[PDB]
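First to last, the protein sequences are chains A and A'. A prime marks a further copy of an entry chain.
For the first sequence, PDB author numbering begins at 0 and goes up steadily by one.
For the second sequence, PDB author numbering begins at 0 and goes up steadily by one.
Each residue gets a CB set at the ideal place from its N, CA and C atoms; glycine is no exception.
Protein chains: 2
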Amino acid sequence: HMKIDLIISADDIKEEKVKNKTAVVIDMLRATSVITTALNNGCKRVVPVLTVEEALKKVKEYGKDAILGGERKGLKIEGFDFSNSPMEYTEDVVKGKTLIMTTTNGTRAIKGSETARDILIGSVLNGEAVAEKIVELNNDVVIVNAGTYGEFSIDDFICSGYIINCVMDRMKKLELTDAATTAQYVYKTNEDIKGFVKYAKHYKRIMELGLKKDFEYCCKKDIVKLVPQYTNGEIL
Amino acid sequence: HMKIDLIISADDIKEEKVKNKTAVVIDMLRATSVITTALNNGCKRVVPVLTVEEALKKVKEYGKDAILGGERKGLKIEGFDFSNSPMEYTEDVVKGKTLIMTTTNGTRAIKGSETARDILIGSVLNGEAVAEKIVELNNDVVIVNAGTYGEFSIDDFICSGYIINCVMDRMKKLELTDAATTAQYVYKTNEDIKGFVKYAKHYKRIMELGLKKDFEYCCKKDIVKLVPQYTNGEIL
Ligand SMILES: O=C(O)[C@@H](O)CS(=O)(=O)O
Ligand SMILES: O=C(O)[C@@H](O)CS(=O)(=O)O
Ligand SMILES: [Mg+2]
Ligand SMILES: [Mg+2]
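Following this line, the structure appears as structure tokens:
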């Protein structure tokens with residue numbers, strides 16, 4: 000029986016809960032929705048980093064084809080090319096390019112999962128496809144919520160639940176931890192997702208930044224069939 | 000506005016989330032249900048410790064009036080007087096006595112909350128009274144779930160939700176973290192408590208130990224009006 004666990008934030012990752020597992024990183028509003036979208040639109044790779052300084056250094060390494068995106072406090076970073084809205088990573092803008100990004104939550108969670116056997120990037124947009132990859136990988140799972148500012152966040156949690164549910168649709172040989180069971184419960188009783196996310200503290204932040212469009216987009220189910228994977232510092 | 004947070008397990012306590020707050024420790028199956036019951040039945044004090052060796056040493060300090068209780072793996076510890084069933088701490092057995100105890104989860108969570116301004120002991124049995132003490136104390140709150148074996152546990156989580164709900168019944172000037180909001184949600188949609196706890200991994204453990212009686216008892220609401228408090232290594 001495949002085991003499924005959940006970690007509630009980037010500041011609550013412990014190696015022993017991650018190593019040798021299938022880790023699924025979630026930051027649905029908005030980092031993993033961005034990564035998922037960009038790669039689906041023909042982006043060559045995403046390189047997540049922790050600091051702006053390291054991001055500017057990484058540009059020089061990848062040459063003409065590198066672009067700078069992400070955010071601090073949800074805002075575009077001075078001197079970057081793009082922000083952290085999935086809509087701005089259109090095929091025209093990203094095809095074949097190398098996206099250097101650093102974000103408030105998502106990028107920390109990705110780096111924090113290094114010891115896993117496979118690091119998958121998950122979101123509402125590719126939830127079904129992630130569940131399918133989870134089953135294929137046939138290994139125990141930990142769903143790593145980025146949270147927001149090192150705290151449990153309802154958006155990442157319900158999205159975990161959706162994905163767990165999709166895994167369950169594909170098989171019965173499962174054992175959930177109580178954290179996973181609870182996420183799945185929250186999802187199962189709020190399938191539309193949108194409604195319940197409005198209780199997240201982070202939702203007020205998304206609203207005061209005028210990101211209603213990004214919010215509605217990131218709640219769309221199963222529009223991306225791709226499962227990005229972090230490997231040796233790169234996501235393809 | 001009073002802030003309410005939640006910590007999901009004894010292994011997830013971070014000082015900065017606890018210091019100077021009102022901390023409410025929960026291990027409803029069964030340590031905090033025991034402490035609550037024992038003190039309500041006229042027990043003089045409870046002294047929680049981390050090891051059996053430290054427990055045997057503490058007996059010598061408190062003399063004739065000391066008794067030994069708690070558990071490992073839910074079982075009575077060799078040479079102890081009582082186990083970790085609330086029913087065995089009757090008034091006849093505990094009145095005026097000093098209860099030295101060590102348990103798998105609850106006692107770790109209590110010690111882990113030392114830096115709080117006030118450490119309260121909470122359970123389903125004294126949930127309402129805890130909420131009343133929380134309001135009186137008029138300080139920000141963290142609800143510290145003991146969990147089981149360092150993991151998020153549905154029993155402690157729903158019990159947190161019940162208590163948060165009771166605080167809400169007594170006031171509107173609140174700000175919940177997403178973790179607290181989620182617990183309250185789980186409770187609010189499962190008010191009877193009993194039903195939903197049966198999904199906890201720990202429930203199977205309680206059942207295979209034949210503790211159906213303890214389980215039904217620990218799910219009883221508002222039968223104890225006392226709020227035990229941990230102060231300088233002692234609970235009164
Ligand atoms: O704090 C924020 O608003 C950011 O985390 C928003 S986002 O990660 O770009 O979605
Ligand atoms: O592992 C266990 O069964 C114990 O934690 C049970 S109890 O804490 O005595 O309720
Ligand atoms: Mg997030
Ligand atoms: Mg417990």
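Got a sec, what are the start and stop residues for the alpha helix (DSSP H) residue i sits in?
i, result
"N39 of chain A", "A30 to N39"
"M206 of chain A'", "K200 to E207"
"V166 of chain A'", "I153 to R169"
"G69 of chain A", "Looking at the DSSP string, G69 of chain A is not in any alpha helix (DSSP H); the run it does join, the beta strand (DSSP E), is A65 to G69."
"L210 of chain A", "Where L210 of chain A is concerned, there is no enclosing alpha helix (DSSP H), given that its DSSP letter is neither H nor E."
"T106 of chain A", "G105 to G111"
"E52 of chain A'", "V51 to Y61"
"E90 of chain A", "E90 to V93"
Out of the options, which one is the CA nearest neighbour of residue i?
i, options, result
"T181 of chain A", "A:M1, A:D191, A:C158 and A:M100", "A:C158"
"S84 of chain A'", "A':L208, A':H0 and A':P227", "A':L208"
"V93 of chain A", "A:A108, A:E53, A:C42 and A:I234", "A:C42"
"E190 of chain A'", "A':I205, A':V123 and A':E52", "A':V123"
"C165 of chain A", "A:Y184, A:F151 and A:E150", "A:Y184"
"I222 of chain A", "A:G121, A:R116, A:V45 and A:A30", "A:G121"
"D154 of chain A'", "A':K132, A':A65, A':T31 and A':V51", "A':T31"
"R44 of chain A'", "A':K96, A':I192, A':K224 and A':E150", "A':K96"
"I76 of chain A", "A:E52, A:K219, A:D91 and A:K63", "A:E52"
"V140 of chain A'", "A':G149, A':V226 and A':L119", "A':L119"
"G232 of chain A", "A:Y148, A:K224 and A:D117", "A:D117"
"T147 of chain A", "A:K219, A:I34 and A:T106", "A:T106"
Rounded to the nearest angstrom, what separates residue i and residue j at their Cα positions?
i, j, result
"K200 of chain A", "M167 of chain A'", "18 Å"
"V48 of chain A", "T89 of chain A", "22 Å"
"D4 of chain A'", "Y216 of chain A", "30 Å"
"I25 of chain A", "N137 of chain A'", "36 Å"
"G69 of chain A'", "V129 of chain A", "44 Å"
"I234 of chain A", "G78 of chain A", "23 Å"
"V58 of chain A'", "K72 of chain A", "54 Å"
"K2 of chain A", "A37 of chain A", "30 Å"
"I66 of chain A'", "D177 of chain A", "34 Å"
"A9 of chain A", "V143 of chain A", "8 Å"
"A179 of chain A", "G160 of chain A", "7 Å"
"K20 of chain A'", "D64 of chain A'", "33 Å"
"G111 of chain A'", "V226 of chain A", "40 Å"
"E113 of chain A", "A54 of chain A", "19 Å"
"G149 of chain A", "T102 of chain A'", "29 Å"
"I99 of chain A'", "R29 of chain A'", "15 Å"
"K132 of chain A'", "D11 of chain A'", "25 Å"
Whose Cβ in chain A lies nearer than 9 Å to the Cβ of residue i?
i, result
"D139 of chain A'", "Here the premise fails: no neighbours, minimum Cβ distance about 15 Å."
"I205 of chain A'", "Those within 9 Å of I205 of chain A' in chain A number zero; the least Cβ separation is about 13 Å."
What are the boundary residues of the beta strand (DSSP E) that residue i is part of?
i, result
"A130 of chain A", "Counting along the chain, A130 of chain A falls outside any beta strand (DSSP E), though it belongs to the alpha helix (DSSP H) covering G126 to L136."
"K2 of chain A", "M1 to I6"
"residue 296 of chain A'", "With chain A' covering 0 to 235 only, the question about residue 296 of chain A' has no answer from this structure."
"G121 of chain A'", "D117 to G121"
Give me the chain A residues within the contact set of residue i, using Cβ-Cβ distance strictly less than 8 Å, ordered along the chain.
i, result
"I3 of chain A'", "Within chain A, no residue comes near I3 of chain A'; the closest Cβ sits about 12 Å away, beyond 8 Å."
For residue i, go through chain A and note every residue whose CB falls closer than 7 Å to its CB, in chain order.
i, result
"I142 of chain A'", "Within chain A, no residue comes near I142 of chain A'; the closest Cβ sits about 12 Å away, beyond 7 Å."
Can you pull the chain A' neighbours of residue i, defined as C-beta to C-beta under 9 Å?
i, result
"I234 of chain A", "Within chain A', no residue comes near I234 of chain A; the closest Cβ sits about 27 Å away, beyond 9 Å."
At a Cβ cut of 8 Å, what residues of the region 168-200 of chain A count as close to chain A', listed as they run along the chain?
Across the region 168-200 of chain A, CB contacts with chain A' closer than 8 Å involve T176, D177, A178, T180, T181, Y184, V185, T188, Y198, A199 and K200, in sequence order along the chain.
Can you list, in chain order, the residues of the region 150-164 of chain A' whose Cβ is nearer than 8 Å to any Cβ on chain A?
Within the region 150-164 of chain A', the qualifying residues are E150, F151, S152, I153 and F156.
Which residues of the region 9-39 of chain A have a Cβ closer than 7 Å to any Cβ of chain A'? Give them in chain order.
Here the close residues are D11.
Going along the region 60-85 of chain A' in order, which residues come within less than 7 Å of chain A, judged by CB to CB distance?
Within the region 60-85 of chain A', contact with chain A at the beta-carbon level (separation under 7 Å) is assigned to no residue.
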